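Only one structure is covered here, and it is reproduced in the block below.
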Amino acid sequence: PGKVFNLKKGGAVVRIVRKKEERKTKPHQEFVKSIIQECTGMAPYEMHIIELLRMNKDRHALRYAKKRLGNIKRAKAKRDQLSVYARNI
Amino acid sequence: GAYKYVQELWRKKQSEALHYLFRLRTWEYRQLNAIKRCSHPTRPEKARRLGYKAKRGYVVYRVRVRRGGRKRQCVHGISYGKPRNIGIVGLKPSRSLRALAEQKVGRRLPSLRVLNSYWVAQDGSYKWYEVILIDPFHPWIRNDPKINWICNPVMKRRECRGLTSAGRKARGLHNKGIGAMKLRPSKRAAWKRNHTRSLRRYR
Amino acid sequence: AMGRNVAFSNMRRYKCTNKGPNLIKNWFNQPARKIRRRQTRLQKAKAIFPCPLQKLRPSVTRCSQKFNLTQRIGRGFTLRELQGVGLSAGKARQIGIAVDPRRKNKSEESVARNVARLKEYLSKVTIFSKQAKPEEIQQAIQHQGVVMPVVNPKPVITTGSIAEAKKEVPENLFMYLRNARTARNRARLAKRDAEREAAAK
Amino acid sequence: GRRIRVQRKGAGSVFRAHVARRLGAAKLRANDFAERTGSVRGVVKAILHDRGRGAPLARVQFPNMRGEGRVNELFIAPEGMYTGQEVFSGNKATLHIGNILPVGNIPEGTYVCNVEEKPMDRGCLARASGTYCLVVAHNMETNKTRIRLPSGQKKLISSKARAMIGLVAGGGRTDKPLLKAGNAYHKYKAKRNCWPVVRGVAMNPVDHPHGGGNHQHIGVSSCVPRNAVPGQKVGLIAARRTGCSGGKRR
Amino acid sequence: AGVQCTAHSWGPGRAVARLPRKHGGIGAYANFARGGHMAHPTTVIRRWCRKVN
RNA sequence: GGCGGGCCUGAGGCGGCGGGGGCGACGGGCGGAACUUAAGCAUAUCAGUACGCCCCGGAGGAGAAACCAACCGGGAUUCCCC
RNA sequence: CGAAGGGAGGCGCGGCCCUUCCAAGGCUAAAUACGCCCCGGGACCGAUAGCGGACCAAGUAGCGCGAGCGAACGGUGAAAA
RNA sequence: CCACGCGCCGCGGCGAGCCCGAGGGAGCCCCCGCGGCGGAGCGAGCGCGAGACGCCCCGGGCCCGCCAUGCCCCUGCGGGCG
RNA sequence: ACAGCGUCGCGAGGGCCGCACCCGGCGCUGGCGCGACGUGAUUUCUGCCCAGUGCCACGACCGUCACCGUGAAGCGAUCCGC
């Protein structure tokens with residue numbers, strides 16, 4: 001176990017010090033991305049995932065993504081962005 | 001204003017535009033010597049992030065570092081000893097190619113002081129880093145308080161003492177907290193303190 | 001002795017005894033160190049003769065459920081606590097209060113502790129300005145040691161009514177305590193049994 | 001344990017070539033604009049003996065097209081070259097023993113020496129005593145010419161490559177028996193330190209892999225694998241066949 | 001002290017005792033040899049102080 | 001194809017200023033053993049030691065948390081006690 | 001091979017949280033360490049000891065091609081009378 | 001021989017306590033001064049948790065934990081009792 | 001050791017060696033050459049044996065035999081194929 005057993009672990013009152021506010025890229029950063037993607041285009045690996053999203057399918061797309069990106073959480077999100085381009089292309 | 005955009009395009013290195021630009025550059029850098037002086041920082045945005053300012057006394061030098069693993073210096077390949085020290089070519093070096101780059105220019109120009117280095121290009125056999133060196137006796141550098149610290153005697157040949165950014169990473173200093181507790185003052189200094197037998201007068 | 005019943009020694013073998021870095025640290029300089037630190041302390045005191053050598057530091061609960069009852073001195077007062085007294089961090093440092101933005105009170109009771117400490121210090125402090133005022137400065141008296149030293153009060157017995165107290169405690173408190181402790185294990189095992197029951201028909 | 005004599009030969013400390021008093025590097029004249037579009041006159045000033053080579057080298061003096069000088073080039077001397085002979089080099093060069101002309105130009109069946117493996121290599125094949133290369137055929141479409149090297153093996157060479165008409169002099173030298181150990185000592189003084197040769201089965205176990213036992217025997221098959229490590233390759237290497245059989249033309 | 005010199009036991013067979021001897025053949029590096037290290041050299045690691053309650 | 005300028009890369013020369021080498025310690029970076037212990041000996045241990053090389057400074061390194069924790073919680077680093 | 005909100009929470013993996021922080025740029029005094037050298041003290045050794053070396057000339061005289069090695073040697077008397 | 005670790009013995013102080021730790025006190029052998037160790041064990045662990053005798057010793061008996069077993073019942077794979 | 005005698009590899013985009021690496025030697029060489037080995041001038045001859053062990057074969061392509069890469073399955077670590 002990693003917490004003592006106290007029936008009433010609340011002699012003091014917490015200060016609710018925390019912030020839901022999460023780092024947001026903002027339209028300032030988003031505008032840069034739109035202008036940069038406009039000219040530079042997608043990456044060769046990312047382009048391949050877009051084809052798989054319309055062909056071999058999502059398990060295959062995630063497998064290709066995970067190998068390249070290296071994190072399941074990152075891979076799923078990259079897949080989600082590439083999916084919005086590919087599916088709505 | 002322009003910098004937040006250049007940064008995004010340098011993140012997209014595998015883009016067609018930058019793949020052409022980098023193939024023209026690796027070509028030139030294979031054509032030139034290992035360390036050559038650059039008039040402008042090739043990447044101004046990355047240099048400014050690492051501390052370059054366009055004032056007299058700040059110099060940029062581009063260095064070529066051979067890619068690959070390490071071969072132990074040995075005669076006829078034979079390392080005489082316990083079998084755990086037998087390997088001669090499989091070992092990989094402890095200091096990064098970025099760290100090696102700064103320590104090369106440090107010997108070539110021992111008068112100048114290296115603030116930081118950055119990645120400029122790479123092909124199969126070599127990697128190119130650009131190092132920011134500062135002249136510590138320049139009139140402009142000496143009277144500018146932001147970079148006066150490099151003019152201080154302790155900050156001399158930091159490349160050699162691993163005080164540079166890449167040298168610290170190799171010493172494990174970049175990471176703190178658990179898992180880096182036994183490598184803080186130094187890996188040797190921690191070792192001496194942890195291994196010291198303190199004979200107290202009342203003990 | 002020679003074999004027989006001896007617990008095995010867990011002292012590590014000496015290293016670097018003949019060659020290498022000195023792994024023996026002698027303490028014959030210890031008495032001399034004491035005189036040195038006092039002499040450095042005396043010299044520093046004179047440099048700021050009216051001001052105390054130690055800055056005001058905050059009372060802070062000692063960490064862990066082991067020492068959670070007691071309080072010790074921390075690096076600096078939180079911005080919220082200084083705001084409660086009404087002092088900005090820079091103004092507070094001039095008065096002598098160390099400020100730590102990193103610290104978060106973690107309670108409303110912690111803030112009250114320190115705000116009261118800050119309030120008392122403000123009364124105890126006297127700001128000698130007016131350019132040079134030598135006569136007031138001569139009798140200023142420098143505070144010596146830690147400022148407002150933290151006091152940890154000992155437990156004192158109190159009087160309570162068994163009848164009212166028996167109202168909060170359930171009868172058979174042990175059953176209530178042992179049930180709460182094992183609820184997770186009891187609940188998981190009974191879910192494990194529900195799956196087995198579901199997986200029979 | 002010790003490094004074998006083959007391993008020690010690579011370093012070159014005492015096993016290097018004795019290049020003292022060697023006349024120079026015998027090579028064909030450089031391909032240039034005058035050779036490509038015409039002929040370059042030469043005269044044979046002198047035929048001399050190189051210390052290492054058993055073949056005579058000839059100092060032929062051609063005019064310097066670049067300057068006002070007369071260039072001196074050391075050539076392998078094909079048999080019959082005479083002091084005073086005029087030699088012509090180029091695409092339009094004639095067909096007399098001595099002339100250097102593109103291999104394609106030379107007719108099939110001629111004996112040619114100092115042939116170039118690839119054009120403008122300034123000399124590569126058939127440059128030893130009495131060794132000639134025969135022109136076998138000329139592929140007009142591929143501009144490739146087949147030639148029989150003095151080993152018998154046939155190689156295809158670009159017709160653009162140059163060669164000298166004739167068979168190298170000093171031919172029939174091997175025919176004479178050396179006869180004495182002394183005429184051998186005097187022979188390799190000019191070349192490297194590669195004589196006298198000690199048989200490995202005479203050397204102790206530590207010096208040579210054949211080594212030494214109570215009786216002088218190799219003790220293992222002389223034939224050694226192609227992938228033998230540097231110190232291991234001492235016996236006959238990659239031997240397809242061994243022994244004196246006869247009828248080996250098949 | 002006594003370790004500063006370089007002495008090696010000459011060895012058996014030379015009719016001399018096997019104790020480290022210098023170039024000259026002078027006995028060295030032993031508690032019994034003149035100029036040798038003391039067998040157990042005094043050190044400051046000793047406890048010079050005794051605790052009292 | 002010749003000719004003037006601007007830029008951008010490069011050369012040769014002059015000045016002004018700096019670098020180099022030294023100290024049996026401490027301090028940082030790197031390369032790196034073996035004897036030894038295991039009652040043998042390979043992993044291990046010795047030892048992240050000797051030694052080699054390379055940099056400082058009066059100290060050096062470290063240093064203001066992509067920290068620890070799990071609480072009636074602390075709060076840069078360094079040294080000490082445990 | 002390569003991201004984007006990421007890091008961590010001392011048993012990996014995929015979810016769901018909860019606490020905590022912001023890497024890939026830089027500076028910073030103090031408390032700490034320590035030899036030569038100088039100063040002072042010692043339950044230290046007393047000339048085969050104590051540094052190799054107390055001797056006006058010790059890393060000296062000598063030795064080894066060289067790297068390197070490496071000694072011996074204190075005392076007249078109060079006054080040289 | 002010395003240092004450190006261990007086992008046991010003898011002594012001295014104090015006793016459910018005990019303790020020149022580092023340190024700090026115009027303080028020198030004086031003063032103040034935490035951990036630690038002991039006072040509870042046992043079970044891999046979740047966890048649970050000793051009184052019944054007794055000059056002393058020694059066995060016996062019981063109690064606590066761990067491994068079972070069978071009963072009873074609340075705040076239930078929980079509790080209690082054998 | 002030697003002359004003599006055979007066997008062996010190699011046509012330079014190559015062989016055989018040196019070699020922490022950068023780079024070298026043979027080689028200012030080129031098959032009447034260079035390296036590797038045996039036997040040891042003549043005179044006279046060298047038989048039989050490819051089982052085994054070597055060696056050699058775009059000599060094959062069966063059976064085996066890796067990384068990758070690519071199939072399925074999975075929440076993914078992964079796991080089975082090919």
Problem - Cα long-axis angle, helix D:181-190 against chain D (0 to 90 degrees, to the nearest 10) - result: 50 degrees
Problem - segment D:151-207 versus segment E:11-52: alpha-carbon centroid distance in Å - result: 68 Å
Completion exercise
Once D:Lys248 and D:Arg148 are pulled to full extension, the length gained, defined as 0.36 nm per residue separation minus their Cα-Cα distance, is 34.1 nm
Exercise for the section: Give me the net charge of B:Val131's neighbourhood, meaning all other residues with Cβ under 11 Å from the Cβ of B:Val131; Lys, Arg count +1, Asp, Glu -1. Expected result: +3
Fill in the blank from the handout: Computed for chain D: size of charge dipole around the Cα centre, +1 on C-beta of each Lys and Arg, -1 on C-beta of each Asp and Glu, debye to nearest 20, value 960 debye
Exercise for the section: For D:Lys180, go through the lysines and keep the ones whose alpha-carbon is under 23 Å away, minus same-chain ones fewer than eight residues off. Expected result: D:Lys189, D:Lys191
Exercise for the section: Give me the angle, in degrees from 0 to 90, between the Cα long axis of helix B:16-31 and the longest principal axis of the Cα atoms of chain B, rounded to the nearest 10. Expected result: 70 degrees
Exercise for the section: Normalising by the residue count of chain A, find the relative contact order in percent from Cα pairs under 8 Å and 6+ residues apart. Expected result: 22 percent
Practice task
Note down the relative contact order for segment B:1-157 as a percent, whole number, built from C-alpha pairs under 8 angstrom at least six residues apart.
Solution key: 23 percent
Fill in the blank from the handout: Once the dipole of segment C:1-131 is set up from charges on Cβ (+1 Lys and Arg, -1 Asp and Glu), the residue from the list C:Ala112, C:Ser88, C:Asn26 lying farthest towards its positive end is C:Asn26
Handout entry: In segment B:1-79, trypsin sites (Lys or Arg not before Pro) in a DSSP loop with at most 10 other beta-carbon atoms within 10 Å
Key = B:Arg56
Problem - Distance violations [Cα-Cα > 18 Å] among D:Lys92/D:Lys160; B:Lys71/B:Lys92; A:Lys73/B:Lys176; B:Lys55/B:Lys146 - result: A:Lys73/B:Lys176
Handout entry: GluC sites (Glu not before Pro) restricted to segment A:1-35 and DSSP loop, no more than 14 other C-beta within 10 Å
Key = A:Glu21, A:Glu22
Exercise for the section: Could you state the angle between the C-alpha long axis of helix B:97-108 and the longest principal axis of the C-alpha atoms of chain B, as a value from 0 to 90 degrees rounded to the nearest 10? Expected result: 80 degrees
Practice task
About the Cα centre of the protein assembly as shown, how large is the charge dipole given +1 on each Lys and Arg Cβ and -1 on each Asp and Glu Cβ? Please answer in debye to the nearest 20.
Solution key: 4240 debye
Handout entry: Whole-Å distance, taken between Cα centres, linking segment A:20-62 and segment D:34-55
Key = 72 Å
Completion exercise
The summed charge of the D:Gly171 Cβ neighbourhood (under 15 Å; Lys/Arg +1, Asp/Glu -1) stands at +2
Fill in the blank from the handout: For C:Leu177, the net charge from surrounding residues (Cβ-Cβ under 15 Å; K, R +1; D, E -1) works out to +4
Completion exercise
Percent relative contact order for segment D:114-200, counting Cα pairs under 8 Å at least six residues apart, stands at 25 percent
Problem - Under 16 Å from D:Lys118, Cα to Cα: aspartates and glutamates that are on another chain or at least 8 residues apart - result: D:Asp32
Handout entry: Spatially proximal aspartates and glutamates relative to B:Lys46 (Cα-Cα < 18 Å; intrachain offsets below 8 disregarded)
Key = B:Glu8, B:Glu102, B:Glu130
Problem - Value at 222 nm in deg cm²/dmol, rounded to 500, when DSSP H runs of n ≥ 4 in chain C each add -39,500 (n - 2.57) - result: -13500 deg cm²/dmol
Handout entry: In order through segment D:6-15: 3J(HN,Hα) via Karplus (6.51 cos²θ - 1.76 cosθ + 1.60), integer Hz, x for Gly, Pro
Key = 4, 5, 6, 5, x, 4, x, 5, 10, 9
Handout entry: Fluctuation leader among C:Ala132, C:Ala98, C:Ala116 - chain C, Gaussian network, Cα springs under 10 angstrom
Key = C:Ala132
Exercise for the section: Would you please name the GluC sites (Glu not before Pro) within segment D:23-73 that are DSSP coil residues with at most 11 other C-beta atoms within 10 Å of their C-beta? Expected result: D:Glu68
Exercise for the section: Please return the longest stretch of chain D lacking exposed loop sites, where chymotrypsin sites (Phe, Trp or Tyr not before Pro) count only if DSSP places them in a loop and at most 15 other Cβ atoms lie within 10 Å. Expected result: D:83-250
Fill in the blank from the handout: Ranked from fewest to most other Cβ atoms within 10 Å of their own Cβ, D:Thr145, D:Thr37 fall in the order D:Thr37, D:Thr145
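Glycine also receives a Cβ, built like all others from the backbone with ideal geometry; neighbour counts cover every protein chain displayed. Every number in this text was worked out from the coordinates using simple rules, so none of it is lab data.
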